[PDB]
DNA sequence: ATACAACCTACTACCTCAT
DNA sequence: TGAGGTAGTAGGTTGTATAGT
Ligand SMILES: [Mg+2]
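Chains as they are written, first to last, in my numbering: chain A, 1 to 419; chain B, 1 to 474.
Put into structure tokens, the structure is as follows:
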């Protein structure tokens, strides 16, 4: 007995259409034999074809594209239907599927030039209607439609190649956990020594004005050159709040709540950063929000660090990987590093108008893929590191903030086959 | 070394209860959730606007392919995809002429120029809609470039085209078009002449100013899917959503106009399992905050919104939802939520969820060019988690976010629930955007349309429009 | 008068649509 | 796809209380 609807086709030129035809047909109730569905591995791969077109193939559908009539594999596939065209002795056994808007008569193979046109050109639907309405006038066999079969195929077959696979994969953050915090945070009732009018961001240590007390991780003795007549401050007088408590929430003063205290660490951290980069070998890109740090041309050998290329070239403009420091306390206190792309037409003189910088940043980004953005960042943070396991930020002489130079790794079972 | 769990990709259901993961593929395979009687399409553009709009209707009957049809599925052809005809023969045109365009467009003010073309089209639309015995399923505003070019704030028509000096010394034309048509419910799909005929809009060089050969079928996907939805039926539903959930997306928009800089229009959009959506329009209050850079609500208006949502839910679904998630991008103040609390039935669970796209936890896959695939998540606490609605997708073999993807901080700010369900649901909600037909959006639809919505609330403020489905607000 | 409060404004990384 | 528009977020610029004449 014979039931199928063998589809003959050019791959990959007509794949879009054959996959649509077969699957719309299979869900409509037909049995469709199509190379698309299998993953053959035999010497009978062709004989499979032949066996199927020979015996069980009710209808030969051939994609009537330019590529399909010129394709050695489809011409060989076609060879049998004509051979079996006589055996069945039914005129409509072969159906050219005219999907190509641009078929010259000359391309079309003679056998199928003769036959009637299943017009997929004007609309894919009308012809689906025509192919089936043709399947009504001659009684080609059908099952009651189960589109469930349709996409059992699609979901198992087509999507076989690429889906979520139970795989293991780790991913590196851009969060860089703080390692060590100053044993206390102290607050200086600076009083006459403090001048409110003065700016402390040239005070070479992270300092800010909170109420009438003075906030920093620098011990009172630390500001000397720019802050005279302060040997007058009792060492005792100043609140010495336990930092190992503040993260916990153990500290809640009704005078100032921890939420106040957590916010306060950050400006310092980011300042401790901003000062550290004053003296750590990178020219700074200024965005209004905070600064970005891009190494200048030639500072690393051939503009590479640790095999990575952190300065390169685009068009007539060099590019230089830059980074930023957000520090966030929660969940775990970390330094965040967002990556950037600064730009210079020459080694070390920064481009003037960001409109060019925006267009360049977009243009150059297209180049960098997940592998690339990661290495450069990691290396940049590897770059800055002032020892084996972390960065130093200098809140003060005896007090330092140490950030891990390698970011939290996340390990997730479930990943995808890379194409 | 923390560990990521993974969220199975939510399944959206199409014709014959068959659900898969890509609307583009689900519609193509089976078609829409509720097949519809053919779209009658009405046009409100230049005589040229028709031929272009006819160009597309003829164009999208035939298949149109993307650059690479894996990362972007091809568009088989309207009739093949949706199993119904969106015919170009069957057009119901309300003309506009350059004389009308020139006369109203050239005003010195943008706003008096804007507001008036908008009133032009509406009369052209409303006259056709109200007066017509014949019936049009969607009104398609086919915008000549000259309109899109000049009808926004900050676009300066030269002082050498203005015929009338300004009478005295919002303004986005399309959003306003939707907002003024808001009181009388009519589906407005707005198209640009450049987009539908983008190869007939060459630049000085002779190449087209904007070149869409890479994505031309994707366009047909976005427009017909939106076209389809406006014309009535929804393309799909969430495949496996537990019964009786209520998704409430909190929207506000500061009204800059007021002297007191707290007037901020408010709304809530209600998503169930469809995404057809219901936009509950709240009225104008002091929601913006100076100190907190935040949006919030007084109880009494807040109770009205919850109840407006709950009651319209019960009228729709004959019960009160056993679970109601309210999404917004801000945390909730305990008073505003206790306002919700009271309105709520005793056994319904109310969940507040803050979806903040801060810039945290950019996760770089260790090996390979592609980023973490979407559905990976990081659970900080039983309450707050990191969700990747963006990043590599296998059925697309593309990253959704074209750079390294940013996950979204998800905190059950108020109420209690299972964060895993939250993540799930929210991953589910990205799938419901009928208008931009893609695999999934970056945002769940609850909050996806706020900013666009934010305009339409403030744009029309006199009205007191009933709760409305999305197609009106789109 | 200023000692401070709370805005508002660029600038940038993303993300969307007159898609 | 991409030229766009939007949304974070800092601040310096700015608009309001205090405080003393
Ligand atoms: Mg869209």
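The beta carbon of each residue, even a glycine, is placed where N, CA and C say it ideally should be.
Within the same chain, Cβ atoms closer than 6 Å to the Cβ of residue 457(B) are found at 253, 265, 267, the five residues on either side in sequence being excluded. Linking residue 212(A) to residue 411(A) through their CA atoms gives a straight-line distance of about 47 Å. For residue 139(B), the uninterrupted beta strand (DSSP E) segment begins and ends at 138 to 143. Rounded to the nearest whole angstrom, the C-alpha separation of residue 227(B) and residue 69(B) is 22 Å. Per the coordinates, the alpha-carbon of residue 267(A) lies some 8 Å from the alpha-carbon of residue 206(A). Residues of the segment 217 to 237 of chain A whose Cβ lies closer than 7 Å to any Cβ of chain B: none. Counted as a single uninterrupted DSSP element, the stretch harbouring residue 378(B) is not any alpha helix (DSSP H) but the beta strand (DSSP E) occupying residues 376 to 379.
Non-local C-beta neighbours of residue 404(A) in its own chain, meaning closer than 6 Å and more than five positions away in sequence, comprise 176, 177, 179, 390, ordered along the chain.
By the criterion of a C-beta distance shorter than 6 Å, residue 413(A) is surrounded in its chain by 168, once the five residues flanking it on both sides are discounted. Counting along the chain, residue 416(A) sits inside no alpha helix (DSSP H), nor does DSSP assign it H or E at all. With respect to the 9 Å criterion, residue 46(B) and residue 98(B) are classified as neighbours on the basis of their beta carbons. By the neighbour-count criterion, in which 16 or more other beta carbons inside 10 Å mark a residue as buried, residue 358(A) falls on the exposed side.
When C-alpha distances from residue 279(B) are compared across 259(B), 309(B), 437(B), the shortest belongs to 309(B). Taking the C-beta atoms as reference points, residue 259(A) is found no nearer than 9 Å to residue 230(A). Using a CB distance cut-off of 9 Å, residue 3(A) does not count as an interface residue toward chain B. Assignment of residue 180(A) by DSSP, reduced to helix, strand and coil, places it in the strand class. Pairing residue 357(B) with residue 443(B) gives a Cβ-Cβ distance under 9 Å.
When distances are taken from the beta-carbon of residue 222(B) to the heavy atoms of ligand 1, the shortest one is below 8 Å. Where residue 257(A) is concerned, there is no enclosing beta strand (DSSP E), because DSSP gives it neither an H nor an E. Not one heavy atom of ligand 1 lies closer than 8 Å to the C-beta of residue 218(A).
Secondary structure within the segment 20 to 99 of chain A: the alpha helix (DSSP H) runs of 4 or more consecutive residues, fully enclosed, are 45 to 54, 66 to 69, 72 to 88 (chain order). In the three-state reduction of the DSSP assignment, residue 282(B) falls in the strand class.
Taking 9 Å as the CB threshold, residue 395(B) lines the interface with chain A. Contact annotation for residue 233(B) against chain A: no contact, minimum CB-CB distance about 17 Å [criterion: below 9 Å]. Secondary structure note for residue 51(B): its alpha helix (DSSP H) is the uninterrupted segment 47 to 61. When C-alpha distances from residue 69(A) are compared across 39(A), 59(A), 36(A), 105(A), the shortest belongs to 105(A).
Not a single heavy atom of ligand 1 lies less than 8 Å from the C-beta of residue 417(B). Using a Cβ distance threshold of 9 Å, residue 215(B) and residue 24(B) do not count as a contacting pair. With respect to the C-alpha of residue 297(A), the residue from 226(A), 139(A), 322(A), 254(A) having the closest C-alpha is 322(A). Taking the Cβ atoms as the reference, residue 246(A) lies roughly 5 Å from residue 261(A), within the contact range of under 8 Å. Taking the C-beta atoms as reference points, residue 459(B) is found nearer than 9 Å to residue 176(B). Neighbours of residue 374(A) in chain B, taken as residues at a C-beta separation under 7 Å, are given in chain order as 364. Bounds of the alpha helix (DSSP H) holding residue 174(B) are 173 to 180.
Annotation: residue 239(B) is outside any alpha helix (DSSP H) and is labelled neither H nor E by DSSP. About 11 Å separates the CB atoms of residue 390(B) and residue 439(B); that is not less than 8 Å, and the two are not in contact. Taking a Cβ-Cβ threshold of 8 Å, the residues of chain B close to residue 126(A) are 79, in chain order.
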